[PDB]
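My structure is below; once you've seen it, I'll send some questions.
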Amino acid sequence: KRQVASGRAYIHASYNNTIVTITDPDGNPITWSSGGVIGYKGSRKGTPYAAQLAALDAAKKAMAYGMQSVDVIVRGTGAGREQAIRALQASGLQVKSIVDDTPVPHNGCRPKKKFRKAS
Amino acid sequence: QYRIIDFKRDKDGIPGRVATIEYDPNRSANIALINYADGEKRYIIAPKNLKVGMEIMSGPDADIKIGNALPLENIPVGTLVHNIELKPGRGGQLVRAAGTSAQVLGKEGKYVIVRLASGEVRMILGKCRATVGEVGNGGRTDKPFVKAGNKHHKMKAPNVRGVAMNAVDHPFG
Amino acid sequence: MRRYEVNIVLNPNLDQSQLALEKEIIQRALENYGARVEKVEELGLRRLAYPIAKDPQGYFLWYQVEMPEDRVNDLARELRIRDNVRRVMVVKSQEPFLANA
Amino acid sequence: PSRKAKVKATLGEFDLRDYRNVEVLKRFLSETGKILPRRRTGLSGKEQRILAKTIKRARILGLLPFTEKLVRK
Amino acid sequence: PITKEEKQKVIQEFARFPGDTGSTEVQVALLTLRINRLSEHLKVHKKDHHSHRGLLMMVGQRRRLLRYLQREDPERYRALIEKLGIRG
RNA sequence: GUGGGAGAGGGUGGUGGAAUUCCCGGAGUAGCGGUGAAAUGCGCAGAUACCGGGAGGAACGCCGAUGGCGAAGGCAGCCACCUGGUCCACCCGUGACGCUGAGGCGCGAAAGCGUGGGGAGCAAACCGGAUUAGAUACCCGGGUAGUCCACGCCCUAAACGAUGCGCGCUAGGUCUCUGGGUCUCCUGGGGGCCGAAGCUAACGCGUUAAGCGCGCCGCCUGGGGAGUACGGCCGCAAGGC
């Protein structure tokens, strides 16, 4: 009940859940889904499979407001980022294109133990 | 000595040369007697720097020549001012001593953005005015008050405290 | 003295009268300071490779010019000055180097 | 190795001295806009060093995006 | 900074024989010049440690030189000495 | 001397985008974050994702390297101001002027102190969560000091090459930086690799010596107690010598 035909799809995924959301042909939000968005607790949210379940339903809804043509945005590395975005092209949906962003800083913000060990 | 003097220039074009170091005893403000075109002078607002060597002013135009003033109108974004004129010319409207002053930390329409020295941030209006640079308070803090009470010397209120008085006594106490 | 190339950039949104008065103050300054202009280009305007002045384009001016060493900085600021002074970059003037020869 | 492009033989008498060498420097940008390594530039030490210096003056005055979105991927 | 021409104006000033590109007259004049300008520097920039240090070794060289001089002929040593102004 | 040169050596000022938290608007759901798996914790007063914009401190990606500079520790966005070291050619100037250095003098990590600013993020402590028997710590979620600047003040260290400085003697192959050349490779300086000789209980060092020789300095002589106790001097204190 919004209908658009085209825009962009955003894929963001950690290594402990993934998320995907429709964005108009600019950047403002549409509708989405993710790990627990798909009955998946603790882990699971962290599977290529999930990657998919979501990517997919995501599109479905994406269609709801007449959407099909989409270019795609990339954030991080999702452990299944592929079962995912692939699931994405598969639900047909004008699988227009993809772009590379996963925007790392320039080196000016120490992390938490887990990310240090750098150098 | 028990007197005030100036706090608002508004006859511009008149050269204002930094007369001299008359560091001043009346409002944490050293000031210089300013020497204007006509001979007409003014024990004027401290604003640290602009050396004995008389040399500036301000005015309709501009000359962000540190020290000196003009409306916030004729005013560069990223500038430290004092002479902090809030409403359309009520003399200076802030930073007395007040080293860090206010920053044209962005300005919009007939309203200009002041990072408000005293500690917050918000806006003044149009042609309103201010002069920038420094105040002149030399740390103008600390100093000792060792063996005696500089206070009492203060002549300034040995209005001594209390608050624990054996009493019934005073306003919220 | 020593010579450097002056590269400073003024806003694209600056119409005529502006190009005028502002570049004019400019020159004034340079001189005031102690610069003897040598060569003034003016490739005019360009899509900067990154939005700047929230501007995707701007007006770039370059003058191979010299002056009295130390006072460099000081004038640099004299410039940056005028808001519009989108950018202020100065560089000692060494000529060139033919790699892939 | 890294021999399908190579950049040295794409530029003749090249003055590593005019930061404003837009279209030439624009010629070391790759895509998300890095600084294509000797492993590509066919440049020496003398090279990455001086070349870079300008590279840098370059991002400064702009006219080369010091990195910038990668299309497709 | 020290300007070539001046440097020479120097070397010259000194040389007993206009061709003293390297003698102690010049080691001396030299070193001390550097000395002064350098310190001057040091004061403002109140914390140029690395630099100060070098400077220091230098005051050093200056000295050993003078040294030799006096060693040989404290005569032109006193001469020079005076000329320059070191020691007080 | 002079003429060439190379650097994250220094300090002073100065901008610049990357991203990072919080701030205001948009749009839009029901989840988010998170782990070994949880949970604690956030979120329908709508968060997490995305759109923009804002404020701001910090750091400084690619290039950047087994590369470079520096007395030692150390030191890398760019930009100009002052400054130090040092390297190759000319053979020009001086005329042994020299090398070691007790005490001394200054420098000088990170913690910490003093005060005066700042404090995005990260972060002992302190707080939860989890844990196991136990959990005062490994793991997760919170957040102070401090981490950041000026100034003054502490000088400690696997302060490492665990190995003083100076010159001079003794196969070599190799890589690489930098400076000169008749620039298939030779020449000076610098860095890594392999390597005769030779040193060596041993490993391993090998013209970047742990080889051979000269000066000068320092510091050794069984373990614990111990680097302590005490005298001394130093410091705001912690401590230090």
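Bear in mind these aren't lab numbers, they're just calculated from the coordinates by the rules spelled out. Here Cβ is always computed from backbone atoms with ideal geometry, including for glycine, and neighbour counts include all displayed protein chains.
Rounded, prolate or oblate for region E:1-87? Axes are the square roots of the Cα gyration tensor eigenvalues, ordered a ≥ b ≥ c, and the cut-off for rounded is a/c under 1.5.
Judged from the Cα gyration tensor, region E:1-87 comes out oblate (a/c at least 1.5, b/c at or above a/b).
Follow-up. Percent relative contact order of region C:1-97, based on C-alpha pairs within less than 8 angstrom and at least six residues apart?
47
Quick check on my link table: of C:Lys92/E:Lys43; B:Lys8/B:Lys51; A:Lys60/C:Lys54; A:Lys41/A:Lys61; A:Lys41/C:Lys54, which ones sit more than 32 Å apart, alpha carbon to alpha carbon?
Result: A:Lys60/C:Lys54; A:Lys41/C:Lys54 exceed 32 Å.
For chain E, which trypsin sites (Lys or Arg not before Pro) are in a loop by DSSP, counting at most 13 other Cβ atoms within 10 Å?
Listed in order of number, the matching sites are E:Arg16, E:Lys46, E:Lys47, E:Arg87.
Would you mind working out the magnitude of the charge dipole of region A:1-82 relative to its Cα centre, with +1 at each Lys and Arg C-beta and -1 at each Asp and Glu C-beta, to the nearest 20 Debye?
The calculated dipole for region A:1-82 is roughly 280 debye.
If you place +1 on the Cβ of every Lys and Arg and -1 on the Cβ of every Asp and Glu, how big does the dipole about the Cα centre of region C:1-97 come out, in debye to the nearest 20?
The calculated dipole for region C:1-97 is roughly 260 debye.
Right, next: Would you please give the residues with an amide H less than 5 Å from that of B:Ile56, counting only those at least 5 places away or on a separate chain, with H modeled from the backbone geometry?
Those lying under 5 Å, H to H, from B:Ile56 are B:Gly16, B:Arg17, B:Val18.
So how far apart, in nm, are the two label points at B:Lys156 and E:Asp20 if each is 7 Å from Cα heading toward Cβ?
Each label point lies 7 Å from its Cα, and together they span 6.5 nm.
Find which of A:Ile30, B:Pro25, C:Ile81 sits farthest along the positive direction of the dipole of the protein assembly as shown, computed with +1 on the beta-carbon of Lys and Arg, -1 on that of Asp and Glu, about the Cα centre.
Selected residue: A:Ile30.
For region B:95-101, in order, what is each residue's ³J(HN,Hα) by Karplus, 6.51 cos²θ - 1.76 cosθ + 1.60 with θ = phi - 60°, in whole Hz (x at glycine and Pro)?
3, 10, 6, 3, x, 2, 10
What is the Å³ per residue value for the convex hull set by the Cα atoms of chain D?
Considering the Cα atoms of chain D, their hull volume per residue is 95 Å³.
Quick query: amide H of A:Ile98 versus all other amide H atoms, modeled in the peptide plane; which residues come in under 5 Å with a sequence gap of 5 or more or a different chain?
A:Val72, D:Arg72
Around B:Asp24, which amide H atoms from residues at least 5 apart in sequence, or from another chain, sit under 5 Å from its own amide H, with H modelled in the peptide plane?
Under 5 Å from the amide H of B:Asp24 lie the amide H atoms of B:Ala29, B:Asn30, B:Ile31, each far enough along the sequence or on another chain.
For the protein assembly as shown, what does the convex hull of the Cα positions come to per residue, in cubic angstrom?
374
Report, in cubic angstrom per residue, the convex hull volume of the C-alpha atoms of chain C.
So the per-residue hull volume is 116 Å³.
With no solvent and one equal point scatterer per Cα, compute the Debye intensity ratio I(q)/I(0) for region B:1-140 at 0.11, 0.19 Å⁻¹ and report its log10, rounded to two decimals.
-0.35, -1.06
Could you tell me which of E:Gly54, E:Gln70, E:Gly85 has its Cα farthest along the dipole of chain E towards the positive end, charges placed at Cβ (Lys, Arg +1; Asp, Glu -1), taken about the Cα centre?
Going by the charge dipole, the pick is E:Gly54.
For a quick size check, give me the Cα extents of region A:20-105 along its three principal axes, largest first, whole Å.
Cα spread of region A:20-105 along its principal axes, largest to smallest: 34, 33, 22 Å.
Using the Karplus curve 6.51 cos²θ - 1.76 cosθ + 1.60 with θ = phi - 60°, what ³J(HN,Hα) values do you get for each residue of region D:34-48, in whole Hz, with x for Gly and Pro?
With the stated coefficients, region D:34-48 comes to 8, 8, 2, x, 2, 2, 8, 4, x, 10, 8, x, 2, 4, 2 Hz.
Nothing charged except the Cβ atoms of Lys and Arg (+1) and of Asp and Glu (-1): what's the magnitude of the dipole of region B:7-64 about its Cα centre? Round to the nearest 20 debye.
220
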